[PDB]
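Report on the structure given below.
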Amino acid sequence: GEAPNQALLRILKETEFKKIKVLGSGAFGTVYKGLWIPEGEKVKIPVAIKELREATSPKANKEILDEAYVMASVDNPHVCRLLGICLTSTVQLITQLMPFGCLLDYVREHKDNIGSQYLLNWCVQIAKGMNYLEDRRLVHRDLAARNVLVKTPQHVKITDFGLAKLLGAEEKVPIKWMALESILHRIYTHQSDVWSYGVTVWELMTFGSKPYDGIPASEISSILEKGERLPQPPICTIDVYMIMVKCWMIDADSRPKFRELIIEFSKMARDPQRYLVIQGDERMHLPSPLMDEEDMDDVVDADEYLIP
Ligand SMILES: */C=C\C(=O)Nc1ccc2ncnc(Nc3cccc(Br)c3)c2c1
């Protein structure tokens, strides 16, 4: 808002990233897994390297550098921070590797081993991450499942600050995750993130279905105006769905608050089988920390790699 933002933006040398492999791409960008050895430290940090696609048309470097600016400003266990950037031809953004990828791809992949505890915790974790953003007064503007990453099955962080901005501040478009006032009057606010949260939750609750599958984005705003919302997912009690529905209220101040959402989901997560009904959800076991590659006795996660 008006407090000096004294985040350190750290510059990293091409020579500090041993090993490299492609992890994802889509002309929207390219993301690589790799290793980073801070020079003069005996630590090997597993990182992802993002090198936005658009050749170099400065119009790009402008859109990647804003991202880093945001990603360098956050510090919370449920938000991904920027580790540093590397300058070379185009700009590379470097951050902690989330070894299990996007939460969206994860639910799709594990739709049969995902327990109620896991889903509801994720909801608590995301709300936490998002409430943090709200405190730093950031409006994420693109909260979705595709934009939550998995460090371990029990720890998610929010990412992708391409479109993030300050509440008040002036300035693809994902329609199916957008609040009504955001499709009509391009009003964005913490409360519109709430709506998208609602949608993210619906994605998890449906193990990664596509919102309004049939419908094309061109006539979403029309539908929502009529009062139609996403259906209630099969595993969802009315209690859980009712919270989803509350996020999708025309009157934005009537919508829950990430701080409220943390509490409500937190409550539920003490009795997960009472709020989510999942076929044979009991001894639902999930993998855990991390392995691979040659020498790795010096491997340190980003979360333990701190610098003054
Ligand atoms: C599901 C696609 C995806 O996002 N994969 C993925 C896996 C791990 C990972 N780790 C760290 N960062 C990202 N994405 C990312 C987004 C913005 C900036 C940066 Br440096 C990285 C991923 C993505």
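As numbered in the entry's author numbering, residues 696 to 866, 875 to 992, 1001 to 1019 make up the sequence shown, in order.
Every residue, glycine too, gets a C-beta built ideally from N, C-alpha and C.
Cutoff 6 Å; reference residue i; Cβ partners in own chain excluding five residues on either side
i      : result
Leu964 : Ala822
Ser899 : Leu838 and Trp880
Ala920 : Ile878
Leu927 : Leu883
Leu833 : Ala859
Closest by C-alpha distance to residue i, when choosing among the options
i       : options                           : result
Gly729  : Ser720, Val738 and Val742         : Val742
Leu782  : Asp800, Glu736 and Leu704         : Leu704
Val1010 : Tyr727, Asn756, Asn700 and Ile732 : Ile732
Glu967  : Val786, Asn816 and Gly724         : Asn816
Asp800  : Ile981, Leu828, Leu814 and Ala840 : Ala840
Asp1012 : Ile981, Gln787, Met825 and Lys737 : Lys737
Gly930  : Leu883, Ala920, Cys939 and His893 : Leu883
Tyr827  : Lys960, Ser969, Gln976 and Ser925 : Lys960
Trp951  : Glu922, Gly810, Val904 and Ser912 : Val904
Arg958  : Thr892, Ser811 and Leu788         : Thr892
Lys754  : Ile941, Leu861, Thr785 and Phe910 : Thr785
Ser768  : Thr790, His805 and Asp942         : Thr790
Proximity test, residue i beta-carbon vs ligand 1 heavy atom, cut-off 8 Å
i      : result
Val774 : no
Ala698 : no
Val726 : yes
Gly863 : no
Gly796 : yes
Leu907 : no
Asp807 : no
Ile938 : no
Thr854 : yes
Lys714 : no
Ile740 : no
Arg977 : no
Buried or exposed by the 16-neighbour rule on C-beta atoms within 10 Å, applied to residue i
i           : result
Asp896      : buried
residue 993 : Placed between 992 and 1001 in the numbering, residue 993 has no coordinates, as the chain goes from one to the other without interruption by modelled residues.
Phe712      : buried
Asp1014     : exposed
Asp916      : exposed
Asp855      : buried
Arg836      : buried
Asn842      : buried
Residues near residue i by beta carbon distance below 7 Å, same chain, minus five either side
i      : result
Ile938 : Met908, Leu979, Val980 and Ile981
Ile759 : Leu747, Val786 and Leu788
Cβ-based neighbour list, residue i, same chain, cut-off 8 Å, excluding 5 preceding and 5 following
i      : result
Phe910 : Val802, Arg803, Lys806 and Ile809
Quiz item: Which runs of the beta strand (DSSP E), 3 residues or longer, sit entirely within the segment 773-843?
Solution: 777-783 and 785-791
Quiz item: Which runs of the alpha helix (DSSP H), 4 residues or longer, sit entirely within the segment 925-972?
Solution: 941-950 and 961-971
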